[PDB]
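*Asks:* Dropping a structure here in structure tokens format, bear with me for questions.
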Amino acid sequence: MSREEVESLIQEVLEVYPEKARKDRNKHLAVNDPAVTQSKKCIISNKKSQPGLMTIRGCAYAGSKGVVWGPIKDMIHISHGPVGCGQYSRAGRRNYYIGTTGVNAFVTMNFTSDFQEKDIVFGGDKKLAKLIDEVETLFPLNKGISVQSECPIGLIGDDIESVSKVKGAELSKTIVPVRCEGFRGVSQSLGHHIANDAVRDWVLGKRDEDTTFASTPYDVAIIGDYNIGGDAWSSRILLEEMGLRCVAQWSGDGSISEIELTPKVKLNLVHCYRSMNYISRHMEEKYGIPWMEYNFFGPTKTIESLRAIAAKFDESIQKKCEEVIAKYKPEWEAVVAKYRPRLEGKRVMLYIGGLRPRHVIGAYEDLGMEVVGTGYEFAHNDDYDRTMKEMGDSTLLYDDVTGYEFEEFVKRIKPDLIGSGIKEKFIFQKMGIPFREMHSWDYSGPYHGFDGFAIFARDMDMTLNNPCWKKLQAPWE
Amino acid sequence: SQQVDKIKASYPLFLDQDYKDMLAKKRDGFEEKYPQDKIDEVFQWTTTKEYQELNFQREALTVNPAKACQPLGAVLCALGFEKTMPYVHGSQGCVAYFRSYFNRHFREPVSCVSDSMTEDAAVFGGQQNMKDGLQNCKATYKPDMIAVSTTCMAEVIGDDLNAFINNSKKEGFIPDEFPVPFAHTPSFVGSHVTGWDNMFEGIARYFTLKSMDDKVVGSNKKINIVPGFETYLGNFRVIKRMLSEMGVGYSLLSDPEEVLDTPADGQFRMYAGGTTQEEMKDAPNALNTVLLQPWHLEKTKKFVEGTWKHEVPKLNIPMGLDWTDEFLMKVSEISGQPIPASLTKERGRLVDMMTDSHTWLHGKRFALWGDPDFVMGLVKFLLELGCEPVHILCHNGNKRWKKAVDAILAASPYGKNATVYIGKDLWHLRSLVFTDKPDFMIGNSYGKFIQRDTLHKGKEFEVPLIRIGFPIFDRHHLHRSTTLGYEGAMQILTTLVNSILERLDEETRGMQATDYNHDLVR
Amino acid sequence: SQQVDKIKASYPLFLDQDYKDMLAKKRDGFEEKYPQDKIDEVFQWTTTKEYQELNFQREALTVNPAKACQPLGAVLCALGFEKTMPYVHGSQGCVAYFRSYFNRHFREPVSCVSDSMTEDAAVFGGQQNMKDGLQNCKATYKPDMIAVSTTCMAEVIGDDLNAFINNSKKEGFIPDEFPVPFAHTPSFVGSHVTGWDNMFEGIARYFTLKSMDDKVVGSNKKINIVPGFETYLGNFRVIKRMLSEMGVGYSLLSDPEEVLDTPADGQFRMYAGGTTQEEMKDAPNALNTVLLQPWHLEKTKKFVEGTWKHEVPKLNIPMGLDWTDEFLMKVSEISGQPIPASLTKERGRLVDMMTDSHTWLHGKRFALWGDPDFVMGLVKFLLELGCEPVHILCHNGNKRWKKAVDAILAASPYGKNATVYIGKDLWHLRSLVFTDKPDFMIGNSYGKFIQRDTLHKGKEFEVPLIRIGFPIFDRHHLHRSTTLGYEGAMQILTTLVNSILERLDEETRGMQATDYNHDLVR
Ligand code: ICS
Ligand code: CLF
Ligand SMILES: [Fe+3]
Ligand SMILES: [Fe+3]
């Protein structure tokens, strides 16, 4: 509630900015109105960041190599360019997989061209060809190669597409070049689109003339779940217990074969709209496969999504869904009974770029917590159209919030908890507000499904109610 | 299925029967995985000598590098000055990755800004980006100084910072007297330490190049200290303590230990401590300047000798016993102050600890990697303990450094088996530790994946890892330790001897199998 | 058979096939060993709850005790004074054990003498032995003070120390002005901490009994600090640094840190540092006396409050965050010196580490043992960290201390599963950790066997040990660590978090089995 003083608070925070920066940043801060279906008249997103304001956004390389292509385990991903880009992104994301690392799985590995000045000056393509030959020599059990280009590759001028075609024809193995340069796009959002285009153009249509796969009318495909801490497995066990068979996972713990076999699926289950809606729409137009969004955050959203998914099949699937709901009711009911009293009525601010802030709000509300402010660094206008209904009235909405803006909002609102990334974790831990790392689940999890709800509740109780937060002020101060 | 009293995280929740069955169904149905026999055969092949030869015939592909890019070191250098904002002219992903890396290592907030250059700046350059970024950063975060480095994007398209900054100053974006030092830090040249050197040289040249008329060497009777790329707070603290104990006036340049160790008391200090601009202006009045890590501080050495007219001593990093003694004696000779009894007592205590633990350290084989100066100091100290380095790795080393390390090894009977590798990566080190098994590894957290690999071959082939270097991610508050001086040598000795003792204790824990050597007293 | 290039010690030489065959032949031929199945069944029965009931029904048998006798603590107390020779009135065999214990823990030479009483002295007393011992020790080792302790045998015989010392004084064996304090330390009463208390009270009474006329409280504007039985040098160092850093005049009585950390510079110093005799004489002139370890300094407190007329404050051991704060505030109130910014900066940094590590520290179960004050402060710090101390054991504790710890536990929600045991030994703790498994154990090296026992039941039943206490025998240079104050809190926090993370890394190192949780960043 109380929209007037949050409006005036926005005005006070926007006072330090220069005129141009103030004018732009005024469009990205809004007061939530749940009765609005078109966010374009209230908030503006997917615009460039103002220079020198400590934005949290990344690059398209992070949104392509580190997000979409990275979780695929049996392929080798070459960070084409200088070493640092692949160095800082190595094993930083907890996309879980099962495989022998260095033999048939290469997720935590860092393959890079390691460009020098002589590569910046004299071409670089022949180095790419020699690198592909060496990769084939030393890693024979890989099932594909992707070349994620970094910033200098486009700048110096290079044709990685011809090298990919020539070496793929010569070695009879798929090579996917991804022009995921950092300067392309204002955030990680365009990296998702570029990676989806690469999958569509070089991988998805491989098994078009093949019909050796025995498909059943219950086939589904999990798309947009990247198995953070085992999230995709927690969703998969619920989907399999409902009578469905999943042949593909995009892309957490995924494989090249799952991606190739996905077009033989009767229903596309899209968890993350922002990163895979492009490929879902393409597969709907080409192969005629319908797709829907589902939510597995908390018990209420899990039950709703399970019933909605079962509604697309025959009656046996609905009966199985009822069976699994009845089976898992006492578990989450006990978790709620144990943990809601400690967390009832506590306010939380969220800032995770992309799909997670609208999705997590139902899980928070399940434990009696209220979200007072939210925002995404890279989300588009359709995401803000989707999230306005979820959020409460006269609550704060931000888009690509700067460090100063977020710090001032947190100091004025004074929430009981903040869920965000590593770049702001210690900032707010210094000021004495409990903090949770939403992007990595603070090295815990999974949080999807009934099995993940218990871990979610335990983590939030252990962080919000920790005694260390009561010793910030010295007794003699 | 979860029990509300014993809630399981990913491990060991995904070890239940239902989850195992689900994963087996997934693998058997829709993965086309290779047979386990083939996987085992290829893994055993990867640990052979022929595979090592194939691995060392690499020229284009590098797997698991042990170095970063220059602007990371540039930001680390910029963080060490009072109320200084690191600014990276280029894309924003670079700054995001730098901040994430430093946050994960130090577990402290890291402040840096970018001009968010994009396709428009790729086509038409980033002059407007620089102007707007400088104005916005000064207006919002209110720094006394802005320290500008470059992203590889800005380096390839030939964006020159001098003209951009002068244009911004003369068009009213920032005041003309506002200090904006700059440096060019291409990511395809050198590594992070090179970026640190470039940025420090840029700042020193900005503050001292145009005021060399009234500067006389020795006027302020202090000694300048340049630490270099340092990620240990204890390394700054021990140098300050040792220099203040001798009564030597000093001036630490680019020390970020204050901003990187802010207290948690309900307030967020975005700036804390650091060297003031006055000490940078008065730097060439010092008696001399000492470079703590000279192998990555060569360009700043050229600047100091050519311009400041300082006879920079030829000193190694103060790691170990001999090199710390040489550093102390050189500082005493320069400053004219005698070494006090406290430092003699500390050195005697270090020698006592060396003699107490010499039995367990003799003949141990080590495979280490890191930065040139740190690796050289570590190899030297291992030679003074009777230990035997075997595989010495430096991904950012040169021929001169390798020759110096070879000369150091030749002057000790424990360096015959030791071999130095430059330009190699961690995959090469995995092959080396598979074919020539040492006792322990010494390096950053990236070596942990090597240990697991060895454990897959067998318990008797496992090579445990000791976490000394940058970055350490899997452990907490190890950045608070020391590596330089007698204190750092004491800590390193304790870590090594206790790792050896813990390994021995683990190997002899089976009852009625090997517990006869499970001694209470070691 | 031994290879000259690779020589094997007992492990793994005795794992060779010939040695294995010879051991099997011996066992099957002449040992008449029980069948292996019977041994396994008995071991399984020893881990059950019925065995725990039988073991807790013990009334006369003590197995694996966690304490020593009084003269050990008395010798440690005597070592804290300048040029003081610890003297033990009794047989010579136990002095050798004291010296061996302290040599194995501190890894430093410990000096002590005995009069070597024999059964001939048993039937007629040890008066002549005392005379000859005093004369020979004074002539040979030239001390400025001799502190006399009693072996249990001299206590059973009933030798009067005062009469023997006076008789030695008046007969010319020792000069009449030579200070020879004495204390009665029966080994069948209390434990080593009680011996420390007895020796300190004896020395204080010797030096400040007959001279209590020209004594005014608060004359010298200094605070007396009594450390008690302390085996960490870092504790003395941190107390001294914390007191001197805020400008408080202090007087550390019986500090041994200098004599137990002498440098190795080619010469042997039998005495070094310690408390001066004039310091003991000027003790009653202090404004107040602070006892760092009240629960084993009861008689010292009685003497101080009854003779020195000092209002001893109601202070706990400065371990943790709240208790260190209370100690600092009490010292500031007594001395009138405000707490400086450096101490609050250190407190903020410690809170920073707690905030950073609470995620991994929360909910873990610990079974700890040790001396009463160390155990109680460790429990308080664990409760501050959100940790669960489930099995609290103190062999030399009393009902008063148990009630105090129960009151401490009841004030925290994390003490719901906490049980305090007094008078129980390490076999009881083995049964406790077998029937109610905690996550970790916290104690001295004697717990290293319990871990082994757990590993025999299974890997999933193993309880790793954390070496914090006295004595630590299997690790090197752990006596230099800090335990009291903010610095000690940081060290303990780092040790606990890194032990937890190391256990996780070991558990998740299985390739294709559990390596899905082998996170690089933790
Ligand atoms: S892909 Fe996106 S920033 Fe949808 S780039 Fe990012 S593993 Fe976030 S809110 Mo890190 S659009 Fe996934 C995401 Fe969400 S890396 Fe993960 S946590 S659900
Ligand atoms: S936005 Fe993205 S992550 Fe940034 S560079 Fe560009 S592709 Fe890469 Fe890697 S190497 Fe270092 S950090 Fe950059 S400056 Fe040159
Ligand atoms: Fe921190
Ligand atoms: Fe010693």
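Each chain of the structure tokens is named A, B, ... in the order shown, its residues numbered from 1; ligands are numbered from 1 in display order.
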Taking only C-alpha atoms and all ligand atoms into account, which residues are within 8 Å of ligand 2, as a PyMOL selection string?

*Replies:* (chain A and resi 58-62+81-88+149-152+180-183) or (chain B and resi 68-72+90-98+150-153+186-188)

*Asks:* Please produce a file of those selected residues containing C-alpha atoms, as a compact mmCIF listing (two decimals), in the first residue's frame.

*Replies:*
```txt
# COMPACT_ATOMS: atom_id res chain seq x y z
CA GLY A 58 25.95 -8.71 -18.21
CA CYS A 59 26.63 -9.35 -21.90
CA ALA A 60 25.14 -11.55 -24.61
CA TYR A 61 28.10 -13.93 -24.24
CA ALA A 62 26.99 -14.66 -20.68
CA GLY A 81 38.88 -14.95 -28.04
CA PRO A 82 40.87 -13.82 -25.01
CA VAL A 83 41.14 -16.01 -21.94
CA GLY A 84 39.34 -13.88 -19.38
CA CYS A 85 35.82 -14.21 -20.77
CA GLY A 86 35.83 -17.99 -20.39
CA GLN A 87 37.90 -17.85 -17.20
CA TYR A 88 35.43 -15.77 -15.18
CA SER A 149 32.45 -15.82 -30.05
CA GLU A 150 33.63 -13.05 -27.72
CA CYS A 151 33.99 -9.33 -28.38
CA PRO A 152 37.12 -9.18 -30.61
CA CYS A 180 27.33 -14.06 -28.99
CA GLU A 181 29.61 -11.03 -28.87
CA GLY A 182 29.37 -8.96 -25.71
CA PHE A 183 28.60 -5.67 -27.43
CA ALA B 68 42.87 -13.83 -16.37
CA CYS B 69 42.73 -10.67 -18.50
CA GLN B 70 44.35 -7.30 -17.86
CA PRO B 71 41.38 -5.13 -16.74
CA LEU B 72 40.86 -7.39 -13.71
CA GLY B 90 34.05 -0.97 -22.98
CA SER B 91 31.26 -3.49 -22.52
CA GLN B 92 29.42 -4.14 -19.26
CA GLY B 93 29.90 -7.91 -19.21
CA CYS B 94 33.57 -7.40 -18.42
CA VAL B 95 32.70 -5.37 -15.32
CA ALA B 96 30.04 -7.86 -14.26
CA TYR B 97 32.52 -10.73 -14.48
CA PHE B 98 35.25 -8.79 -12.66
CA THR B 150 40.04 -0.50 -21.31
CA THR B 151 38.09 -3.54 -22.50
CA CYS B 152 39.28 -5.62 -25.45
CA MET B 153 36.40 -4.10 -27.43
CA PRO B 186 44.37 -5.02 -23.80
CA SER B 187 43.17 -8.48 -22.80
CA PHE B 188 45.18 -10.21 -25.54
```

*Asks:* Can you work out which residues are within 12 Å of ligand 3, considering only C-alpha atoms and all ligand atoms, and then hand them over as a PDB file with C-alpha atoms, in the first residue's frame?

*Replies:*
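As a result, selection08.pdb now contains:
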```pdb
ATOM      1  CA  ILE A 422      26.355 -12.088  -5.600  1.00  0.00           C
ATOM      2  CA  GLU A 424      24.816  -7.025  -4.158  1.00  0.00           C
ATOM      3  CA  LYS A 425      24.951  -9.714  -1.451  1.00  0.00           C
ATOM      4  CA  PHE A 426      27.726  -8.279   0.708  1.00  0.00           C
ATOM      5  CA  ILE A 427      26.542  -4.687   0.222  1.00  0.00           C
ATOM      6  CA  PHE A 428      23.259  -5.468   1.975  1.00  0.00           C
ATOM      7  CA  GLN A 429      24.874  -7.888   4.424  1.00  0.00           C
ATOM      8  CA  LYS A 430      26.954  -4.962   5.712  1.00  0.00           C
ATOM      9  CA  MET A 431      23.801  -2.938   6.466  1.00  0.00           C
TER      10      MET A 431
ATOM     11  CA  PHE B 102      36.360 -10.481  -6.818  1.00  0.00           C
ATOM     12  CA  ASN B 103      33.173 -10.890  -4.757  1.00  0.00           C
ATOM     13  CA  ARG B 104      33.542 -14.671  -4.851  1.00  0.00           C
ATOM     14  CA  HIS B 105      37.190 -14.476  -3.798  1.00  0.00           C
ATOM     15  CA  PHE B 106      37.233 -11.712  -1.165  1.00  0.00           C
ATOM     16  CA  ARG B 107      33.599 -12.113  -0.017  1.00  0.00           C
ATOM     17  CA  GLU B 108      33.432  -8.312   0.015  1.00  0.00           C
ATOM     18  CA  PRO B 109      31.635  -5.716  -2.120  1.00  0.00           C
ATOM     19  CA  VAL B 110      33.544  -4.545  -5.193  1.00  0.00           C
ATOM     20  CA  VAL B 259      38.245  -1.178   1.324  1.00  0.00           C
ATOM     21  CA  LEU B 260      38.472  -4.969   0.979  1.00  0.00           C
ATOM     22  CA  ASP B 261      38.036  -5.553   4.728  1.00  0.00           C
ATOM     23  CA  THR B 262      35.317  -3.113   5.774  1.00  0.00           C
ATOM     24  CA  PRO B 263      33.509  -3.962   9.027  1.00  0.00           C
ATOM     25  CA  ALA B 264      29.840  -4.923   9.212  1.00  0.00           C
ATOM     26  CA  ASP B 265      28.181  -2.429  11.561  1.00  0.00           C
ATOM     27  CA  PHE B 268      27.964   0.345   3.883  1.00  0.00           C
ATOM     28  CA  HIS B 476      36.037 -19.211   3.485  1.00  0.00           C
ATOM     29  CA  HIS B 477      38.253 -16.349   4.687  1.00  0.00           C
ATOM     30  CA  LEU B 478      41.507 -17.797   3.349  1.00  0.00           C
ATOM     31  CA  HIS B 479      42.193 -14.380   1.784  1.00  0.00           C
ATOM     32  CA  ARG B 480      42.929 -13.108   5.314  1.00  0.00           C
TER      33      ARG B 480
ATOM     34  CA  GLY C 348      32.777  -5.468  12.947  1.00  0.00           C
ATOM     35  CA  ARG C 349      35.102  -7.684  10.917  1.00  0.00           C
ATOM     36  CA  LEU C 350      34.284 -10.672  13.137  1.00  0.00           C
ATOM     37  CA  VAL C 351      30.569  -9.977  12.663  1.00  0.00           C
ATOM     38  CA  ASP C 352      31.296  -9.805   8.924  1.00  0.00           C
ATOM     39  CA  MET C 353      32.803 -13.299   8.980  1.00  0.00           C
ATOM     40  CA  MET C 354      29.865 -14.611  11.020  1.00  0.00           C
ATOM     41  CA  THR C 355      27.426 -13.148   8.491  1.00  0.00           C
ATOM     42  CA  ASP C 356      29.384 -14.595   5.565  1.00  0.00           C
ATOM     43  CA  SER C 357      29.601 -18.098   7.070  1.00  0.00           C
ATOM     44  CA  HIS C 358      26.215 -18.456   8.813  1.00  0.00           C
TER      45      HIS C 358
END
```

*Asks:* What's the 7 Å shell around residue 63 of chain A, counting only C-alpha atoms, without same-chain residues fewer than 2 positions away, as a compact mmCIF listing (two decimals) with N, CA and C atoms, in the first residue's frame?

*Replies:*
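Output below, filename part-v7.txt:
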```txt
# COMPACT_ATOMS: atom_id res chain seq x y z
N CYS A 59 26.50 -9.44 -20.45
CA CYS A 59 26.63 -9.35 -21.90
C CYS A 59 25.88 -10.51 -22.55
N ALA A 60 25.80 -10.47 -23.88
CA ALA A 60 25.14 -11.55 -24.61
C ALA A 60 25.95 -12.84 -24.55
N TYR A 61 27.27 -12.74 -24.38
CA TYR A 61 28.10 -13.93 -24.24
C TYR A 61 27.72 -14.71 -22.99
N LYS A 65 26.67 -18.41 -23.89
CA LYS A 65 27.59 -19.46 -23.45
C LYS A 65 27.27 -19.90 -22.03
N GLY A 66 27.06 -18.94 -21.12
CA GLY A 66 26.90 -19.27 -19.72
C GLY A 66 25.52 -19.73 -19.32
N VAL A 67 24.53 -19.55 -20.18
CA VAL A 67 23.13 -19.81 -19.83
C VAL A 67 22.55 -20.95 -20.67
N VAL A 68 22.56 -20.81 -21.99
CA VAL A 68 21.86 -21.76 -22.85
C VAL A 68 22.76 -22.91 -23.28
N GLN A 188 21.90 -9.70 -21.13
CA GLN A 188 21.93 -11.12 -21.46
C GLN A 188 20.74 -11.54 -22.30
N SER A 189 19.74 -10.67 -22.45
CA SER A 189 18.50 -11.06 -23.12
C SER A 189 18.75 -11.45 -24.58
N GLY A 191 21.50 -12.61 -25.80
CA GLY A 191 22.25 -13.85 -25.84
C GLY A 191 21.35 -15.07 -25.91
N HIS A 192 20.23 -15.03 -25.19
CA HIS A 192 19.25 -16.11 -25.28
C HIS A 192 18.74 -16.26 -26.70
```

*Asks:* Given the choices B:100, B:38, B:6, B:456, which gets closest to ligand 1 if the distance is worked out from only C-alpha atoms and all ligand atoms?

*Replies:*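 When distances to ligand 1 are compared using only C-alpha atoms and all ligand atoms, the smallest one comes from B:100.
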
*Asks:* What is the atom CA of residue 517 of chain C-atom CA of residue 458 of chain C distance in Å, reported with one decimal?

*Replies:*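 Spanning atom CA of residue 517 of chain C to atom CA of residue 458 of chain C is a straight-line distance of 21.4 Å.
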
*Asks:* Neighbouring residues of residue 373 of chain A were defined as those with any atom within 8 Å, considering only C-alpha atoms; residues of the same chain fewer than 2 positions away were excluded. Please report them as a ChimeraX atom specification.

*Replies:* /A:348-350,371,375,395-398

*Asks:* Just N, CA and C atoms for this one: save the residues we selected as a CSV table (one decimal), in the first residue's frame.

*Replies:*
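Heads up, here's the output in selection29.csv:
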```
chain,number,residue,atom,x,y,z
A,348,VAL,N,9.8,-8.8,1.9
A,348,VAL,CA,10.9,-9.2,1.1
A,348,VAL,C,11.0,-8.3,-0.1
A,349,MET,N,12.2,-7.9,-0.5
A,349,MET,CA,12.5,-7.2,-1.8
A,349,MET,C,13.3,-8.2,-2.7
A,350,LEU,N,12.9,-8.2,-3.9
A,350,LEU,CA,13.6,-9.2,-4.9
A,350,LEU,C,14.2,-8.4,-6.1
A,371,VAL,N,5.9,-9.8,-0.7
A,371,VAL,CA,6.9,-9.1,-1.5
A,371,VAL,C,6.5,-7.7,-1.7
A,375,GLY,N,11.9,-6.6,-9.4
A,375,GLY,CA,12.4,-6.1,-10.7
A,375,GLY,C,13.4,-7.1,-11.4
A,395,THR,N,3.1,-1.5,-4.7
A,395,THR,CA,4.4,-2.1,-4.4
A,395,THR,C,5.4,-1.6,-5.5
A,396,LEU,N,6.7,-1.7,-5.2
A,396,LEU,CA,7.7,-1.0,-6.0
A,396,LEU,C,8.1,-2.0,-7.1
A,397,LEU,N,8.2,-1.4,-8.3
A,397,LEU,CA,8.7,-2.1,-9.5
A,397,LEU,C,9.9,-1.4,-10.1
A,398,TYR,N,11.0,-2.1,-10.3
A,398,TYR,CA,12.2,-1.5,-10.9
A,398,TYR,C,12.7,-2.3,-12.1
```

*Asks:* Residues within 7 Å of ligand 1 (only C-alpha atoms and all ligand atoms), as an NGL selection string?

*Replies:* :A and (63 or 67 or 93 or 188 or 224 or 226 or 228 or 272 or 274-275 or 352-357 or 438-440)

*Asks:* Tell me, as number ranges by chain, which residues lie within 9 Å of residue 449 of chain B, counting only C-alpha atoms; anything in the same chain fewer than 5 positions away does not count.

*Replies:* A: 101, 108; B: 454; C: 509, 518, 520

*Asks:* Segment 94-142 of chain A: which residues are alpha helix (DSSP H) by DSSP, as a tab-separated table (two decimals) with C-alpha atoms, in the first residue's frame?

*Replies:*
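Output below, filename out_26.tsv:
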```
chain	number	residue	atom	x	y	z
A	117	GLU	CA	48.05	-9.77	-30.41
A	118	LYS	CA	49.27	-11.71	-33.45
A	119	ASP	CA	45.84	-13.35	-33.57
A	120	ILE	CA	44.13	-9.96	-33.29
A	121	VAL	CA	46.21	-8.68	-36.21
A	125	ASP	CA	40.39	-18.53	-38.40
A	126	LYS	CA	43.25	-20.97	-39.06
A	127	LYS	CA	43.82	-21.02	-35.31
A	128	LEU	CA	40.16	-22.00	-34.94
A	129	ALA	CA	40.59	-24.85	-37.44
A	130	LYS	CA	43.73	-26.11	-35.68
A	131	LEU	CA	41.89	-25.85	-32.35
A	132	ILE	CA	39.04	-27.98	-33.71
A	133	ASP	CA	41.55	-30.57	-34.93
A	134	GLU	CA	43.25	-30.67	-31.52
A	135	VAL	CA	39.88	-30.95	-29.76
A	136	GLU	CA	38.98	-33.93	-31.94
A	137	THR	CA	42.39	-35.46	-31.22
A	138	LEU	CA	42.30	-35.16	-27.42
```

*Asks:* Excluding segment 169-176 of chain C and its own-chain neighbours fewer than 6 positions away, which residues fall within 8 Å of it when counting only C-alpha atoms? Please give them as an MDAnalysis selection string.

*Replies:* chainID C and resid 131:132 134:135 138

*Asks:* Would you put the residues from that selection into a file with C-alpha atoms, as a PDB file, in the first residue's frame?

*Replies:*
```
ATOM      1  CA  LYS C 131      67.527 -30.003  51.492  1.00  0.00           C
ATOM      2  CA  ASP C 132      69.809 -31.632  48.924  1.00  0.00           C
ATOM      3  CA  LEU C 134      67.154 -27.190  46.924  1.00  0.00           C
ATOM      4  CA  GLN C 135      70.918 -26.819  47.353  1.00  0.00           C
ATOM      5  CA  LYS C 138      70.192 -23.477  43.266  1.00  0.00           C
TER       6      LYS C 138
END
```

*Asks:* Going by DSSP on the backbone, which residues of segment 89-205 of chain C come out as strand (DSSP E)? List them as a PDB file with N, CA and C atoms, in the first residue's frame.

*Replies:*
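Heads up, here's the output in result-v6.pdb:
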```pdb
ATOM      1  N   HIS C  89      58.178 -31.953  44.725  1.00  0.00           N
ATOM      2  CA  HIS C  89      58.582 -32.768  45.863  1.00  0.00           C
ATOM      3  C   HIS C  89      57.913 -34.131  45.741  1.00  0.00           C
ATOM      4  N   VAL C 113      62.600 -29.963  37.838  1.00  0.00           N
ATOM      5  CA  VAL C 113      63.493 -30.748  38.680  1.00  0.00           C
ATOM      6  C   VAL C 113      62.677 -31.509  39.712  1.00  0.00           C
ATOM      7  N   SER C 114      63.271 -32.578  40.233  1.00  0.00           N
ATOM      8  CA  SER C 114      62.665 -33.407  41.261  1.00  0.00           C
ATOM      9  C   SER C 114      63.740 -33.843  42.245  1.00  0.00           C
ATOM     10  N   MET C 145      64.102 -17.950  41.783  1.00  0.00           N
ATOM     11  CA  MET C 145      62.967 -18.419  42.563  1.00  0.00           C
ATOM     12  C   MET C 145      62.764 -19.899  42.284  1.00  0.00           C
ATOM     13  N   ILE C 146      62.346 -20.636  43.309  1.00  0.00           N
ATOM     14  CA  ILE C 146      62.064 -22.061  43.199  1.00  0.00           C
ATOM     15  C   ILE C 146      60.640 -22.281  43.689  1.00  0.00           C
ATOM     16  N   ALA C 147      59.766 -22.731  42.795  1.00  0.00           N
ATOM     17  CA  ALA C 147      58.387 -23.028  43.150  1.00  0.00           C
ATOM     18  C   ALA C 147      58.229 -24.521  43.397  1.00  0.00           C
ATOM     19  N   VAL C 148      57.780 -24.868  44.600  1.00  0.00           N
ATOM     20  CA  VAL C 148      57.757 -26.247  45.073  1.00  0.00           C
ATOM     21  C   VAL C 148      56.351 -26.805  44.912  1.00  0.00           C
ATOM     22  N   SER C 149      56.255 -27.989  44.312  1.00  0.00           N
ATOM     23  CA  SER C 149      55.001 -28.707  44.162  1.00  0.00           C
ATOM     24  C   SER C 149      55.141 -30.078  44.803  1.00  0.00           C
ATOM     25  N   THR C 150      54.019 -30.781  44.926  1.00  0.00           N
ATOM     26  CA  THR C 150      53.983 -32.075  45.589  1.00  0.00           C
ATOM     27  C   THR C 150      53.442 -33.152  44.659  1.00  0.00           C
TER      28      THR C 150
END
```

*Asks:* Find the residue from A:377, A:331, A:366, A:393 that sits nearest to chain B; use only C-alpha atoms when measuring.

*Replies:*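 Closest to chain B of all the choices is A:331.
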
*Asks:* What is the atom CA of residue 56 of chain A to atom CA of residue 117 of chain B distance in Å?

*Replies:*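 Separating atom CA of residue 56 of chain A from atom CA of residue 117 of chain B is a distance of 14.4 Å.
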